[PDB]
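>>> Build me a model from this:
(3 chains)
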Amino acid sequence: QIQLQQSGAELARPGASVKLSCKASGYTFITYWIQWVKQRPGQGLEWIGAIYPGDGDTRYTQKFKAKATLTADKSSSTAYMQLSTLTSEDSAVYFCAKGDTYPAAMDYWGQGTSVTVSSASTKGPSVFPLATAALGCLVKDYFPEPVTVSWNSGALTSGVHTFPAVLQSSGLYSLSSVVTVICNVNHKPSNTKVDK
Amino acid sequence: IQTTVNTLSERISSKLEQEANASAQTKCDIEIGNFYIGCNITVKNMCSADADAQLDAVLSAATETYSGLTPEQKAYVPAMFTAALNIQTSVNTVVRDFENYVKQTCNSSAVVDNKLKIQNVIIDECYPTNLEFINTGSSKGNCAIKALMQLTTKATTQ
Amino acid sequence: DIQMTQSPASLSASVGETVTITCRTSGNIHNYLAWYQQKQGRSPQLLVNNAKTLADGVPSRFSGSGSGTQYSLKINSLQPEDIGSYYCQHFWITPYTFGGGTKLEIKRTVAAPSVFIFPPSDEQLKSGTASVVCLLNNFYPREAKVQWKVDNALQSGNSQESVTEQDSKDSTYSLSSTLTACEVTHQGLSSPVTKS
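Numbers count the residues shown, from 1 in each chain, chains lettered A, B, ... in the order given. Provided below are the atomic coordinates:
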């Protein structure tokens, strides 16, 4: 019923700016506060702040009062978070989440936007295959994160192990996905949809 | 008993029209929706737009009404706190205790960040006493009005 | 400003054991407190609201208790689907803060790796790159050693490895190592299995 759609994976440049969009659907977007949380990779949850789409009222954590500007468009039912002066500590996942008539707890959560701030260039994955028996896909040389892997357009779920990617010394990323018993690799930041 | 309740509503309406400069014709940001409970419930809009000033006037009205209370009437007040707020006190600390309760409660995110326009007020018990809810126009202001209304009702249970 | 100490930061336990996570506040927060569960690479999901109230769809083994400065999320009958991170969050007064997080993991019986090896696919060779992949599938004690020996020579500084998080269906781990023979050492095998 209630769905929060978030903007797709972005590559940001250091010291520049990025704008994140949270499209609400399934409720009166104008009567409930929206909240934003940041999670640095492998770290805990950070409360950024909250906007009240009707009033337009905002509350902020001090730390982010310089980094993040919360806005909302009632006509579109989209909340916006704007990130400025992008350091490396802004490389994180940002979540929007519906609250109540006061901010309160976040009961419905958006999927999250992965923001990588970097000078390097986007590069699409090369998907190399691999041979109960184990078969697999190698997703080599891609940037930024993340890549999604599915097997048989989602038919194959059991026995799948998609691994945490590794940062090859070049600064490009690699991961392998295997299943024991054709694989669909997606890389939004380079709009790649290889299905080996 | 009700004679005391009337003083309170008078003093709240006066102290409010003076320090908070409110009138029965001022626009209400927060309007009372429904009031639920031999007791007679009425709502009086005495609205304004400056919450902190409203809260300060409600407390000076309750302070004055309490201090005016006779020695016997005062001795009865400690029981009402426990019954209405699950908080203990004494005839020499009621005032300060009431103001911490309010300061703490009426500055909670569910009070001050609540963007709800129509507010409902519900009270369990009441014993032909006429009760008046002064809608102050703010969640903070009405929060203290609700706190006094809880003490007033569990007072009419004697 | 309300501060939130959550303890412990890690827990292990056997299926069916009961598990408790504590959140401690600098001030009284009058039960304006939520618990969330986060499964690997997913959004947080609300578990308990207003300290004690369970959310919709949340199973009966989750419980929440607490007074003014001390709140607890209890899991009687710990299940393998419960693997993940758990956070608390107060909403007593803006600004909202989170807890540090608890990482729940499951103790189970020792399970030996299944080892498979993959030869650099022809396409990768064509591109002047040769990655050889070693996969350990479903072992329990996460502690593992993959040694690389091509031409029976212990290679070094040329391998990258990657582990998964515990599988909810087995409570096991999986491992992938890349070289750009593998000797597997684990406390569920006797002599280190070597595939080449």
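>>> okay, now the nearest residue to residue C:149 once chain neighbours are set aside: neighbour count?
Leaving aside its chain neighbours, residue C:149 sits nearest to residue C:181 (4.6 Å; criterion: C-beta to C-beta, 6 or more residues apart in numbering or on different chains). The C-beta positions use only the backbone N, C-alpha and C, and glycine is treated the same way. Burial of residue C:181 is recorded as 16 neighbouring residues (other C-beta atoms under 10 Å in any protein chain shown).
>>> try residue B:36
By other C-beta under 10 Å, the residues close to residue B:36 number 9.
>>> now do the one 3 residues further on
Other residues near residue B:39 come to 14 when the count uses other C-beta under 10 Å.
>>> Report the separation between the closest residue to residue A:175 other than its chain neighbours and residue A:4.
Once flanking residues are discounted, residue A:175 sits nearest to residue A:165: 3.9 Å by C-beta to C-beta, 6+ apart. Relative to residue A:4, residue A:165 is positioned 26 Å away (C-beta to C-beta, to the nearest Å).
>>> Give me the residue at the spatial middle of chain C.
The centroid of chain C falls nearest to residue C:165 when counting by C-alpha atoms, centre = their mean (4.4 Å).
>>> Show the contacting residues for that one.
Residue C:165 is in contact with C:40, C:83, C:173, counting by C-beta atoms under 8 Å, 6 or more residues apart in numbering or on different chains.
>>> residue at max distance from the center of the chain?
No chain was given, so I picked chain A. The centre of chain A is farthest from one residue, residue A:132, which by C-alpha atoms, centre = their mean lies 34.6 Å away.
>>> my bad, the chain I had in mind was chain C
In chain C, by C-alpha atoms, centre = their mean, residue C:126 is the one farthest from centre (37.5 Å).
>>> quick one on the thing from earlier: around the residue nearest to residue A:175, how many other residues sit close by?
Applying other C-beta under 10 Å, we find 17 residues neighbouring residue A:165.
>>> cool, residue C:91 as well?
The burial count for residue C:91: 27, using other C-beta under 10 Å.
>>> Same question for residue A:56.
By other C-beta under 10 Å, the residues close to residue A:56 number 11.
>>> With residue A:74 instead?
Burial of residue A:74 is recorded as 11 neighbouring residues (other C-beta under 10 Å).
>>> and it, what does it touch?
Taking C-beta under 8 Å, 6+ apart, we find residue A:74 in contact with A:29, A:30, A:53, A:54.
>>> same deal with residue C:103?
Residue C:103 makes contact with C:9, C:10, C:11, C:84, C:85, according to C-beta under 8 Å, 6+ apart.
>>> Any idea how far apart the tips of stretch A:3-14 sit?
Using C-alpha to C-alpha, to the nearest Å, the end-to-end distance of stretch A:3-14 comes to 31 Å.
>>> how far does that stretch sit from the chain's center?
6 Å (C-alpha atoms, centre = their mean, to the nearest Å).
>>> and for that stretch, what are the contacting residues?
Stretch A:3-14 is contacted from outside by A:18, A:20-26, A:83, A:86-88, A:90, A:94-98, A:108-119, A:122, A:144-146, A:188-189, using C-beta under 8 Å, 6+ apart.
>>> and chain C, which of these contact it?
Of the residues in those, proximity to chain C by C-beta under 8 Å from any C-beta of the partner chain holds for A:95, A:97, A:109, A:110, A:111, A:112.
>>> Turn these into CSV, including neighbour count and secondary structure.
Formatted as CSV, those follow (neighbours: other C-beta atoms under 10 Å in any protein chain shown; DSSP: H, G, I helix; E, B strand; the rest coil):
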residue, neighbour count, secondary structure
A:95, 25, strand
A:97, 24, strand
A:109, 22, strand
A:110, 26, coil
A:111, 15, coil
A:112, 24, coil
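>>> Close to chain A: what parts of chain B are there?
Counting by C-beta under 8 Å from any C-beta, chain B sits next to chain A at B:109, B:110, B:113, B:114, B:115, B:116.
>>> anything in stretch B:147-158 near chain C?
No. Shown here: stretch B:147-158 not in contact with chain C (C-beta under 8 Å from any C-beta), separated by at least 14.3 Å.
>>> Stretch B:72-91 now?
No. Contact of stretch B:72-91 with chain C (C-beta under 8 Å from any C-beta) is absent, the minimum separation being 11.6 Å.
>>> Right, and chain C sits closest to which residue of chain B?
Chain B approaches chain C most closely through residue B:109 (5.2 Å), counting by C-beta to the nearest C-beta.
>>> can you list the domains in chain C?
As given by automatic domain parsing, the domain ranges for chain C are C:4-107, C:114-195.
>>> Pick the most deeply packed of those.
domain C:4-107 (a mean of 18; mean count of other C-beta atoms under 10 Å in any protein chain shown).
>>> for chain C, what are the nearby residues on chain B?
B:104, B:107, B:108, B:109, B:110, B:113.
>>> measure residue A:134 to chain C for me?
The spacing between residue A:134 and chain C, counted by C-beta to the nearest C-beta, to the nearest Å, is 4 Å.
>>> quick one: contacts for that residue?
So residue A:134 contacts A:178, A:179, A:180, C:114, C:116, C:135, C:137 (C-beta under 8 Å, 6+ apart).
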